[PDB]
Every structure is written in C-alpha cells, then in structure tokens.
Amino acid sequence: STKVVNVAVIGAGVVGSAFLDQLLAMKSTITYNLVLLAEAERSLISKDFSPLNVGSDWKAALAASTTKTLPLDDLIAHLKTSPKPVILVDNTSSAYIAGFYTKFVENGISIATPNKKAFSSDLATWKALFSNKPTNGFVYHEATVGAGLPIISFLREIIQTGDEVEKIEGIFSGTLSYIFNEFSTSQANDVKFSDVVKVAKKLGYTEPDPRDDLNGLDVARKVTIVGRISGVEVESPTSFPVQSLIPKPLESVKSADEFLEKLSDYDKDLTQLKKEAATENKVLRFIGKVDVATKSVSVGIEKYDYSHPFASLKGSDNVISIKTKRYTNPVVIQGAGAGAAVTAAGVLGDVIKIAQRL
C-alpha cells in the first residue's frame, strides 16, 4: 500500500553502502524516496522530503557535504513532519541510535535494521518496540540474526497463526562457525584452536580484534532476541549462561596483538575436549540455545553427532533448528549468516515488508 514511501538511511559502511546501492537500483510499483543519508560526520537531508538528487552516485554527494548529522531529537522533530510514511533504516550498531527507537516509533516512523542493540537491551524497550499501537511505526529486524535468511519473519508468522516454539538451537556466528568447522571435523585431525583463529583473522573472517568474536556477546545478543520471540522473557545478553572462548582471567589483562600470540598457550583444553568428542563420535560447535518449557537460554560449545546437519556446515554458514508444537520434526534453515550484499538484502527485504504495510 501507499505507492510512495520516504526512506531515511543512517549508516553508509560495509552493510550500509551495499544497502544503498540495492535500494537505489530497485525497481518497484512502490516509490521509495531517499530523504536522508546520514553518516557519523556528514549527512544528506531533504528538508523538502523530495528524493535526494544523487542519481546513483551518493558517495560524491555525501563526501561533499559539510552539514553535520542532526542529533536524533532534531532528526525526529523533522522526519515526523513527512507527508508520506517514513522508514528509518538504521545500518549501524549504535547504542545511541538504538536508544532512540521508541521515540521514532512513537512519532509514527517505522524502522528496518540489522542493529542488534535495541532488541537485546531492556525488556521494556523490547515490548515498546512491538506494541503496534495505532499509527506507530513498525519495527523490522530480520538481519539481526541470520543476516538475510528467512528466520525471524518465519517465527513471527508461525507464532501469529497459533504455533508455539518449544526448542531452538543454532550457530549464529559466521566467524565462530568458520573456526569450529575448521577446528573440529569428522576426520580426526590435530589442528590447534589458536592456529584456526589467527588463520581466520588473516583471511579476514574476524573482527579487527578476534576477541570481539570469541567472547560470545554477539551470539548472546542474537539468542536474547530469538528467545524473546519464542516467548522467553530473557532479561539481558548477560542474564543467562554464555560461555566465552576468551581464555579465563587472562582476558581483560591483555591488549589486542598481545592476546593473539598469548592465545596459543591454551590449545590444551580445547584439544582434549575435542578429543573426548572424537571418542563419542561427535564434533564441537558453538551454539545458541533456547528451551521455552524450562525458560532456559544459553550460549556455548556443545557436541553434535557427525550425522547432525550442524557437523556438515559449508564454509561459515549459520543454521537454525526450530522445533514447535506443530513442527515436531525440526525446521532447519542454513546459509550465509553474514556478508555485505546478503545482509543488506535482508534489510532491504524488511523495507519492502514495511512499505507494503504502510
């Protein structure tokens, strides 16, 4: 519905710029007018709400802008006056922006985003975002868990029709999936955890500092989200057991490059844990888990039989196994769970779901 929608983009980084390219080249019966292109420093803004005149080369326009990005209270005071429904696309991982979601929604502005923040913080924030009071903006966050795979929309659809989630488990980290798919295979191999890690870092399958992947916070925020969708009132990303791969108190002691070279000093444990699993004919994988019956959520290493689909993941795919009252046999979804184009497409897909809803 509404043949004309205004899109307000925040974020022009790795995911953000692919998103912009996809949004600006998309052909549809619905007209999507870009009215904001904000970055940390500069920002493009249509005071008019008419489409920003950038053709398909927004980078030169943005680079040439000396207008400072508006503080969110100012941005909303402006966007709320749009003559057509507005959709905020938050392509950042900003706590600051996330902190403003509720005010966006309350001002009738919808949100499409991969930012996990607002969905993995306060439990009241969460409820406020999905209240759907009249005229308030709709909030879509498909890309928060599983990038562009059809996961969250599928869960929400299912729950709406009356189905009930009972158990979920999955590998929601592309970096950790890669590491384990390499570190623990069916074939017995004496590969060290430290070697795989720094190898992953060199190939670039890691955040600049691998510790931002090994701590499990990323996977913990995603399970917080999936758990709450499943009806488990998870308090926070740290209110349940989250097994960190960062070697014990030798953690918040080091500093980047130090951590890496210092890591090899612990391959002992994982080598022996992997061995015991190779005894029980299982492999090690890093998972996120939800159990609604027991209202128990968790993150960490778990063993999986060689037959299990988790042991045959290709590359660094993500996977979610979903058991509900109706799907007694698991619904299993695999595929890239990260990557610029695929993640931006999931966000774009969310923009399309909102555009038809408005």
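For every residue, the number given is its place in the sequence shown, counted from 1.
The stretch with the higher mean CA B factor, choosing between 252-260 and 221-229, is 252-260. Legend: mean Cα B-factor per stretch from the PDB entry, 60-68 versus 298-306; the higher mean is in 298-306. When the C-alpha B-factors of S153, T92, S244, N107 are read from the PDB record, the largest value belongs to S244. When the C-alpha B-factors of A98, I287, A277, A147 are ranked from the entry, the top spot goes to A277. Among all modelled residues in this chain, the alpha-carbon of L34 has a temperature factor (C-alpha) in the lowest third.
When the CA B factors of the chain's modelled residues are split into thirds, the value for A311 lands in the highest one.
Ranked against the other modelled residues of its chain, the C-alpha B-factor of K47 as given in the entry falls in the middle third. Per the PDB record, residue ranking by Cα B-factor puts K133 in the middle third of the chain. Placement of the Cα temperature factor of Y266 within the chain: highest third of the modelled residues, per the deposited record.
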